[PDB]
Each structure stands twice: as C-alpha cells, then as structure tokens.
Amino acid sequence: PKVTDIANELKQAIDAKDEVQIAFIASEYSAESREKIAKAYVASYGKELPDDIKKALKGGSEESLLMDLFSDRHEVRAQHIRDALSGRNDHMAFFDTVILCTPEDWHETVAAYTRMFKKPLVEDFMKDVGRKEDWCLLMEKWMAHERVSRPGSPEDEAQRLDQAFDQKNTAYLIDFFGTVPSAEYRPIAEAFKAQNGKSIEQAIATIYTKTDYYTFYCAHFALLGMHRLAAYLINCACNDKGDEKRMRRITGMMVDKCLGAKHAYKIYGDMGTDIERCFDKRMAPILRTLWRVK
C-alpha cells in the first residue's frame, strides 16, 4: 500500500478512536516505514500524526506509546533519558534506554539530546550517576559503543573471563562486557558454559548484586541479542505487576527491531498469556498487537 493510503487508514482509526486499530497499523511497519507514513500524514491532513493521536485518545501510557510509534525514535529515546535523570536516577529506565539500543540509534539519540536540551547527553548522565559503582563504569563504556575484537579464541577468552570472575578482577569484567563485540560474545558464552562449572549468568550472580547485577545481566542478554534482552525486560515488566512505563519505553522505541522476543520468551512462558494477565483491559490488547502475540 502507498504511504498516502496507510495515512488514510490511520486517519479513520484516529477518528474512530480505535486504539487497537492504531496499534495494529503501527505493528505492520518498521520505525523507518512509520516515519514515511507520518510524513504522508502531515502532508495530507496538515496536522502532525502524534498530535492528532494525542487529541483523539484519552491518555495514559496507551496514548503516549501510540504517539511514540509515530514520532522520531531518537527524540523519544532522548526524552526518556532526560526523564530518567530528572529526579532520582531511574535505573530501570537506564536499562531500557542505554542497554537495549543499537549503536546507530544511540548515535542519533545523542544528537537529538543536544538539539533538545543543548547539553551533552553522556556528560549529563555521568554527572548524575557518578563512578563509585561497577554498573556506572560499565554504562559509561557501553555508551561509547567502541567494540574491539578480542585477542584469543572463544575457549581461551572464556577461560580468561572465568579467571576474572573467580579473582573478582572487576576491571577486566567492565572492559570485557563494555567492549566485546556481540558476534564474539555468543561463542564465548557457549564455551564458558561448556567448560566451567557455571554459565556467565551464574558467574554474574556470584559476584554482583542489585544494580551491578542487573546492569551486567542486561548487558549479557544484549550481547546475545537485542530480542533476548527484550524478552527479559518484558518478563520483568510482567512480574513487576504490569509495568506500563517500561512497556511504553521499550515498545515505543524498539518493537520493530525486537520482534523475535516472543520466541526467546519461551524460557519464561507464553508472552501473549503473560501480558494478558499482567496488564489491564486497555493496555494489554495494545501490547499484544504490537508484539505480534494475539
């Protein structure tokens, strides 16, 4: 279908105030494609698509999410990061915005942040986070998105990694998780598991607790695959009594890139069923539509 025709579908769904229908249309198209659609929409009707959505819907995280899907995902992410820093540091939001992110999207987000707030994002972040804990240090290095191929084979690398865990050489840990390329991480994690008593995940649990723990744990999933981190962060939202704010962050920014989440979710259960239980009558059908698990 032509973008003008999709824009018309959206017009009528908005007029109908049909939330699931807006979610369904959004779910059909990637972030880039939804940008094209939003362009056709404003040309056709002379109003911005997120502005029309906001005016048509009641509100709550449902409307915000739907708006986000037809907004600039880098401005969206940048504002989430601002929000996470505006009060007490929002560590959950940190995971959603900093760790569940491709380097490309991060780069554009940093540019959006300068445009929106006339401040350097990373500087603002480290200002409020500090460097007194290992999670802070990993996040700083993560944001650099400077991945560096590792010297040895997967088995040699897993052994050095294991030795680092066993000796609590946290400096090696921060540098490893902060700079290892994802493509290399997967074979390393497999070799680790195969040769050592613990898997990498169990090793993390042995040395870290609280925010350190969750930061390295998210990093682990991220390196395995963004859809696998997505699966985990959706399960967390379900378990945290239907965390609407997290679901809005990760769905609004990342749903198109993480649609494999439903398959990776099988280790926790049935994603569709879990969303059904944990989220209310309005939000749940929206999420299940977007994540393609009706």
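One rule holds for the numbers: they count along the sequence shown, beginning at 1.
- When the C-alpha B-factors of 263 to 271 and 30 to 38 are averaged, 263 to 271 comes out higher.
- In this entry, 194 to 202 shows the higher mean Cα temperature factor of the pair 194 to 202 and 212 to 220.
- The entry assigns its greatest Cα B factor, within the set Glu184, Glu146, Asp72, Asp96, to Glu146.
- The residue among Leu121, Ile188, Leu138, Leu100 whose C-alpha atom has the highest B-factor in the PDB entry is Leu121.
- In the PDB entry, a CA B factor belonging to the middle third of its chain's modelled residues is recorded for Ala171.
- In the PDB entry, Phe165 places in the highest third of its chain by CA B-factor.
- Among all modelled residues in its chain, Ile25 ranks in the lowest third by Cα B-factor.
- Sorting the modelled residues of the chain by their CA temperature factor places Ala231 in the lowest third.
- Residue-level temperature factors show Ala284 in the lowest third of its chain, judged at the C-alpha atom.
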